[PDB]
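Novice: Numbering (mature numbering (1 follows the signal peptide of the UniProt record, and there is no 0)), first residue to last: 655 to 694. Just so you know, even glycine gets a beta-carbon here, dropped at the ideal spot from N, CA and C.
Now the structure itself:
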């Protein structure tokens with residue numbers, strides 16, 4: 655659960671890939687969620 659960036663960047667959605675670093679934590683139970691925003 656460590657942050658890498660503490661400030662906005664740009665509207666470029668292509669940077670969405672940054673999620674790879676934002677997904678440092680792991681949910682305990684997401685059975686309720688059919689899909690995850692990580693891919694959607």
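Cβ of residue 687 within 8 Å of Cβ of residue 673?
Specialist: No, they are not a contact pair.
Novice: Quick one: what's got a C-beta closer than 8 Å to residue 656's C-beta in the same chain, skipping five residues either side?
Specialist: Here the set comprises 678.
Novice: Identify the continuous alpha helix (DSSP H) that holds residue 673 and give its terminal residues.
Specialist: From DSSP, the alpha helix (DSSP H) with residue 673 extends over 673-676.
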